[PDB]
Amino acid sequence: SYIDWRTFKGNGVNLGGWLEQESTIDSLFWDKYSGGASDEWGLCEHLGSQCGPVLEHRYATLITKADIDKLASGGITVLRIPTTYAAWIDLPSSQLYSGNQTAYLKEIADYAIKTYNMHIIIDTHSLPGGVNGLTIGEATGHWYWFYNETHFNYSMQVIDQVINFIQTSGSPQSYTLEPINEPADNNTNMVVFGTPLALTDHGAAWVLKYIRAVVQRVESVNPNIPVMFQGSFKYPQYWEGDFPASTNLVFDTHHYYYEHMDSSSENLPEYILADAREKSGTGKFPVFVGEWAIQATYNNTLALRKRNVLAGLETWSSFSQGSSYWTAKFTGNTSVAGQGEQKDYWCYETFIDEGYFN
């Protein structure tokens, strides 16, 4: 049976840093291979024709069936899988690597579906030209996707391949299609990132043109495949009037606490409640918290991690359809304000191993 996001609930994890690369997730990897680049675009440029061999090794080794077993043992029922657009289309001007990403995606998705009946969200984390001027959108400094009909068409070509991957998977009912991640056209000053000010009405109109095109394409092939819309950092309420209630649509909200607020480990449940109570729409469409983590801006403490993770899970499940944590596997050693490093707050496998869900 296909899922109805209005009645489905699940707690999940992101498989971040696996098919798309970021400096913070694995410090050893980045130090060894980036040449100091800020982005996956530059890491691949730095490696030159060794970019593919290095990345294929990481694809084959970072996330294996054993990771899926560990996640299932901790009660995970949803995997969100960020991918670069270059897994789906090979554009000669892109510096992102086009390889066997989807073969590893299929191996891990098949195992999670056939073994555990997990639900899989396929996220095209970047789109051609760049959606937010960050590494995750294509490359640092790239916002060329907006208002560009060539990049629009390439984005639809990418989505035609993701729909086909789902439709021919053997279990189309196991997947949700997420065609954009954190679009932003007003974040030259990063103080507005994570806020409604990251996306202007002009940018939002282009995003809406794209999501409407994706919805029409999915409906033309298989209307039972849900579309997960990551509406930047606008409240879901902002987009509600743009879609009829009959659309097979779920919103993906992202909630973080690690900068730009007076959060602490002590008060983190108050900030999580605020986000759940104020940023979950009116109920017109369902909401899933597709990314979050417990790192606070100030005064991180190690002893409140279990309390904070469990408070977040219960909050997202109470005000929305559940959540997926960023991220499954994280070894980055960037210092946090207070106790420890990012790997102590951002690695979901560590929480499982330390018995937070027993």
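Numbers for residues come from their place in the sequence shown, where the first is 1.
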Exercise. Do the C-alpha atoms of 327-335 or of 285-293 have the higher average B factor in the entry?
Worked result: 327-335
Problem set entry | Which of 240-248 and 174-182 has higher mean CA B factor, as the PDB entry lists it | 240-248
For this session: Would you mind finding, among 74, 130, 82, 231, the residue with the largest C-alpha temperature factor in the entry?
Result: 74
Problem set entry | Third of chain Cα B-factors occupied by residue 45 | middle
Exercise. Can you tell me which third, lowest, middle or highest, the CA B-factor of residue 206 falls into for its chain?
Worked result: middle
Seminar exercise, completed: Split the chain's modelled residues into thirds by Cα B-factor; residue 263 lands in the lowest
Exercise. Taking the C-alpha B-factors as the PDB entry records them, is residue 220 in the lowest, middle or highest third of its chain?
Worked result: highest
For this session: Please place residue 92 in the lowest, middle or highest third of its chain by C-alpha B factor as given in the entry.
Result: highest
